[PDB]
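This document opens with one chain alone, in structure tokens, the form deposited in one PDB entry.
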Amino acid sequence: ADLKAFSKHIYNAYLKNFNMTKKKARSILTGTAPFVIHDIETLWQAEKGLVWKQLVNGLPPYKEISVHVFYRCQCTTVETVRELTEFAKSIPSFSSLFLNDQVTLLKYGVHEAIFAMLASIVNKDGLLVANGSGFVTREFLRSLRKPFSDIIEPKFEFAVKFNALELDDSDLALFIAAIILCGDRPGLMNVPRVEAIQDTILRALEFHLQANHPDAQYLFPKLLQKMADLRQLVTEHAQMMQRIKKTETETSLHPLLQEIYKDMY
């Protein structure tokens, strides 16, 4: 396996399938400036004035700001699952797995990948929304009522720390691939094949980081630990979502996410 060619293929698949990259996000977040959403009035103005991928008339009828924000979060989550599915399938070895193992890997991997990619659009003060045309403040998200504020803040804590590693998109492409191709997922049929693919991706990641981050201390083992950390982040996330299902019975949960969280514990 030619690791340079492998890494380049997975980088190109990443650029092909994720419109918002860390490079683009950073060029916005550091200077057409985003519209800042920090309260009800600015959220309303942003719904009227910004271009959103999911049109608002498709979301459930507005009841309160915290639930509307949750629905916008769900929208973006589902859209990123679509992109991650196409990204994964752009990897030949992955598409060679039977479709049931592909689904198992995505089921248990997409939220780990999502929360790693989130750092790309985050800084300590907020995150980009609406394809970079809006910026929602972290203090506004903290202001939402429980339990919605509580499901947001841990992701910021993880993301700010993750951004201290200063990965670029070419690194992230391999890191995300390694998260999806994980031999540890429950119910996987061809564990040895998945473990073998994962191992090739990890070898490509170390090779790539050597070339791309020649001065970095311990970056490869630091990223292996981040993979473990993301497992814990998603465990806690799923536990919170299952609680929302029990205590917020009026709040809609997208059926795809329902399927994803079925049988998690």
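Only residues modelled in both forms are compared. Each form is matched to the other, and the largest set of C-alpha atoms that superpose within 1.5 Å is called the rigid core. All residue numbers refer to positions in the sequence shown, first residue = 1.
- At least a third of the other compared entries skip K53 while keeping the residues on either side.
- Across the other entries compared, at least a third leave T32 without coordinates even though the residues on each side are present.
- The modelled chain breaks between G31 and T32, where 4 to 9 residues of the deposited sequence lack coordinates.
- Comparing the deposited coordinates for 108 to 116 and 90 to 98, the stretch with the larger average C-alpha B-factor is 90 to 98.
- Higher mean CA temperature factor between 172 to 180 and 159 to 167: 159 to 167, per the PDB entry.
- Per the PDB record, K63 has a higher Cα B-factor than any other of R203, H237, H38, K63.
- Among all modelled residues in this chain, the alpha-carbon of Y218 has a temperature factor (C-alpha) in the highest third.
- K226: CA B factor in the lowest third of modelled residues in this chain (values from the PDB entry).
- When the modelled residues of the chain are ordered by their C-alpha B factor, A130 lands in the highest third.
- In the PDB entry, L43 places in the middle third of its chain by CA B-factor.
- Residue-level temperature factors show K23 in the middle third of its chain, judged at the C-alpha atom.
What comes next is about the form deposited in another entry, which is not displayed.
- Core-based superposition between this form and the one not shown leaves all of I40, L59, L224, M240 but one with CA shifts under 2 Å; the exception is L59.
- Legend note: Cα of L43 to Cα of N57 is at least 3 Å closer in the other form than in the depicted form.
- Legend note: Cα of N57 to Cα of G126 is at least 3 Å closer in the other form than in the depicted form.
- The protein segments that move between this form and the one not shown, counted as runs of at least three consecutive residues with every Cα displaced by 2 Å or more relative to the fitted core, are 51 to 63, 216 to 218.
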